[PDB]
Structures are given as structure tokens and as C-alpha cells.
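**Student:**
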Amino acid sequence: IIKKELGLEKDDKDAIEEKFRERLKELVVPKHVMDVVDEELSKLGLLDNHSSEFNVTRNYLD
Amino acid sequence: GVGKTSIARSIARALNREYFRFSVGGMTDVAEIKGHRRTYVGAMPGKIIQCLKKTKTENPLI
Ligand SMILES: Nc1ncnc2c1ncn2[C@@H]1O[C@H](COP(=O)(O)OP(=O)(O)O)[C@@H](O)[C@H]1O
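Chains as they are written, first to last, in full-length UniProt numbering: chain A, 402 to 463; chain D, 526 to 587.
#1: Closer than 7 Å, Cβ to Cβ, to anything on chain D: give me those residues from the stretch 424-452 of chain A, in chain order.
#2: Along chain A, in chain order, which residues have C-beta atoms closer than 8 Å to that of residue 544 of chain D?
#3: How is the alpha helix (DSSP H) around residue 432 of chain A delimited, first residue to last?
#4: Pop quiz: residue 560 of chain D and residue 569 of chain D are said to be a contact at Cβ under 8 Å. What is the actual Cβ separation, rounded to whole angstroms?
#5: Examine ligand 1 and report whether any of its heavy atoms sits within less than 7 Å of the Cβ of residue 434 of chain A.
#6: Go to residue 415 of chain A, then tell me how far its alpha helix (DSSP H) extends in each direction, as first and last residue.
#7: Strictly by DSSP, which residues pair up with residue 544 of chain D?
#8: Since I believe residue 461 of chain A is in contact with residue 440 of chain A (beta carbons under 8 Å), could you give me their beta-carbon distance rounded to a whole number of angstroms?
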């Protein structure tokens with residue numbers, strides 16, 4: 402309850418979402434790769450963190 | 526590029542039933558039409574269910 406109520410909620414999956422977004426931030430992202438990355442991030446978020454398809458999505462994102 | 530998408534849209538408009546396009550070429554994941562049993566975390570239904578939901582009608586022009 403301390404972890405969630407404090408305001409850190411939704412911080413889950415940030416290591417695979419926020420860190421990569423920052424990694425792309427310094428890069429001048431073209432539109433094509435930008436939209437591809439957005440789609441891949443959405444697929445990663447939808448998929449469970451502990452499945453093989455999620456691992457493949459994470460590998461492609463990296 | 527013979528306006529197949531555009532002509533399909535025009536016939537959908539003329540026939541008065543709601544329009545919706547669907548790309549299947551190159552697809553391999555049959556789950557995109559079947560989704561998953563919903564036991565998986567974040568599982569989503571087949572794309573046809575989404576099409577019906579978005580179209581809001583039971584007789585669209587797929
Ligand atoms: N007579 C026409 N009137 C309006 N649009 C047309 C016409 N002929 C071709 N087009 C355009 O050509 C595009 C082609 O899509 P389509 O022929 O379905 O497949 P492709 O992806 O091979 O082009 C459409 O966006 C459409 O607007």
C-alpha cells in the first residue's frame with residue numbers, strides 16, 4: 402500500500418518502457434521507426450511480462 | 526493501385542452499411558482472428574471482435 406498509494410503506481414514495466422523511451426529520446430527518431438517502436442511498446446505492454454512472446458518482443462525492442 | 530480500397534469504400538458508402546478494411550497478407554499469427562482464451566494476462570479477442578465493436582453494427586462491409 403505504501404508503494405502504490407505514494408504515487409509510484411503505473412511505474413511497472415518502466416524498465417522495458419521508460420528506459421527505452423529515454424534511449425530513443427537522444428536519438429533523432431525517424432517517423433517509420435518511431436511508429437514501429439510505438440507499436441512494439443504497445444504489444445509489449447499488452448503481453449504478460451512472463452511469457453515467451455513477451456521475451457521476443459523485449460528482444461526486438463532492445 | 527486500381528482504387529480497390531477506394532472502390533470498396535465507395536460501395537460500402539453506397540450500400541449504406543458501415544465500412545471497414547482488413548489486411549491479411551503476410552500474416553502468420555492466426556490468434557489475430559481468435560485472440561486468446563482470456564486466461565492470459567492482457568489477452569485480447571480476435572480482430573473481428575474489435576471490428577464489430579468499433580463499427581457498432583452487426584452488418585459491416587468487411
Ligand atoms: N478513380 C479513383 N478515384 C479515387 N481514388 C483512386 C482512384 N483510382 C485510384 N485511387 C487511389 O489509389 C489508392 C489505391 O489503393 P488500392 O488500389 O486499393 O491498393 P494499393 O495499395 O495497391 O494502391 C487509393 O488510396 C485511391 O484513393
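Using N, Cα and C, we set each Cβ at its ideal position, and we do this for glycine too.
**Tutor:** Considering the structure as presented:
#1: 447, 448, 449
#2: Annotation: residue 544 of chain D has no Cβ neighbours in chain A at a cutoff of 8 Å; minimum Cβ distance is about 23 Å.
#3: 432-447
#4: 5 Å
#5: Answer for residue 434 of chain A: no, Cβ out of range of ligand 1.
#6: Element bounds for residue 415 of chain A: 415-427.
#7: D/586
#8: Going by Cβ atoms, the distance from residue 440 of chain A to residue 461 of chain A rounds to 11 Å, so no, they are not a contact pair.
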